[PDB]
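Report on the following structure.
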Protein chains: 4
Amino acid sequence: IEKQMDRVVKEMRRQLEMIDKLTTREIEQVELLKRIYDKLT
Amino acid sequence: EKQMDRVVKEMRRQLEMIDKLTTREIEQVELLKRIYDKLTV
Amino acid sequence: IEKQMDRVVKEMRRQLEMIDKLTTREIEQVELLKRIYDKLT
Amino acid sequence: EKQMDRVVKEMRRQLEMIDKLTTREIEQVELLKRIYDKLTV
Ligand SMILES: [Ca+2]
């Protein structure tokens with residue numbers, strides 16, 4: 001069981017990195033939206 | 001036991017990231033709605 | 001320990017629901033983007 | 001033991017959702033970039 005819980009920890013850390021990559025993309029999308037809005041106005 | 005505490009820690013980290021992700025997604029929605037109103041018409 | 005692992009399961013399910021709410025918002029944003037692009041073109 | 005299998009199951013579910021989330025985020029980025037090019041100029 002000990003070995004399965006270690007695998008789980010590794011996988012959660014992996015998912016965090018994936019969510020991090022999402023967050024960077026969201027930050028990009030927001031700035032691009034803001035720039036698009038500025039253009040319009 | 002120590003493994004489980006690690007699992008808990010990663011989960012707490014995941015929650016914080018998901019909340020930040022949610023905040024940014026809302027930012028995007030607000031901007032998009034604002035852009036759509038501008039264009040139409 | 002058994003009780004801590006049950007708490008963890010509940011929390012993961014909770015996070016899933018949160019991620020689900022994000023996914024609905026993403027689906028909305030995409031359709032709104034598509035509609036905005038159509039207008040422009 | 002059965003608790004841990006439940007944890008694993010939820011984690012597998014989380015991965016699938018994160019991947020779907022990523023796919024939609026990319027869709028948004030592509031559309032946004034396309035919209036920005038259109039506007040400018
Ligand atoms: Ca988004």
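Neighbour counts run over all protein chains shown; Cβ positions are idealised from the backbone, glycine included. Rule-based calculations on the coordinates, nothing more; no lab input.
Work out the P(r) tail for the protein assembly as shown: percent of alpha carbon pairs separated by more than 25 Å, whole number.
Working: 5296 of 13366 pairs.
So the portion of pairs separated by more than 25 Å is 40 percent.
Give or take rounding to whole Å, what are the principal axis extents of the alpha carbon atoms in chain D, in descending order?
Dimensions of chain D along the principal axes of its Cα atoms: 61, 7, 5 Å.
Pairs of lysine in chain A with Cα under 30 Å and at least 8 positions apart or on different chains: total? Don't skip to the end; give the middle numbers.
Numbers: A:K3/A:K21; A:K10/A:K21; A:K21/A:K34; A:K21/A:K39.
Final tally of qualifying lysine pairs is 4.
Going Cα to Cα from B:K9, which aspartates and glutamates come in below 19 Å? Please leave out same-chain ones fewer than 8 positions away.
Straight-line reach from B:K9, under 19 Å: A:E2, A:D6, A:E11, A:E17, A:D20, B:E1, B:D19, C:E2, C:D6, C:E11, D:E10.
Enumerate the calculated ³J(HN,Hα) couplings along the stretch D:29-37 in order (Karplus 6.51 cos²θ - 1.76 cosθ + 1.60, θ = phi - 60°), each rounded to whole Hz, writing x wherever the residue is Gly or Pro.
Values per residue, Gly and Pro as x: 5, 4, 5, 4, 4, 5, 5, 4, 4 Hz.
Only loop residues by DSSP count here, and only those with at most 13 other Cβ atoms within 10 Å; note down the GluC sites (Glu not before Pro) in chain D that meet that. Before the final figure, lay out the partial values.
On the way: sites: D:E1, D:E10, D:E16, D:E25, D:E27, D:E30; in loops: D:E1.
Hits after loop and neighbour filter: D:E1.
Per DSSP H run of n ≥ 4, the term is -39500 (n - 2.57); total these for the protein assembly as shown, divide by its residue number, and report the mean residue ellipticity at 222 nm rounded to 500 deg cm²/dmol. Spell out each step's value before the answer.
Details: 4 runs with 154 residues, N = 164.
Helices in the protein assembly as shown give a 222 nm mean residue ellipticity of -34500 deg cm²/dmol.
Compute for chain C: radius of gyration divided by Kirkwood radius, i.e. Rg/Rh, restricted to C-alpha atoms, rounded to two decimals.
Numbers: Rg = 18.0 Å, Rh = 12.5 Å.
Taking Rh as the inverse mean 1/r over Cα pairs, Rg/Rh reads 1.44.
Please work out the FRET efficiency for the pair B:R12 and D:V41, using the Cβ-Cβ distance as r and a Förster radius of 41 Å; give the result to the nearest 0.05. Don't skip to the answer; put the middle values down first.
Working: r = 47 Å, r/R0 = 1.15.
That pair, B:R12 with D:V41, gives E of 0.30.
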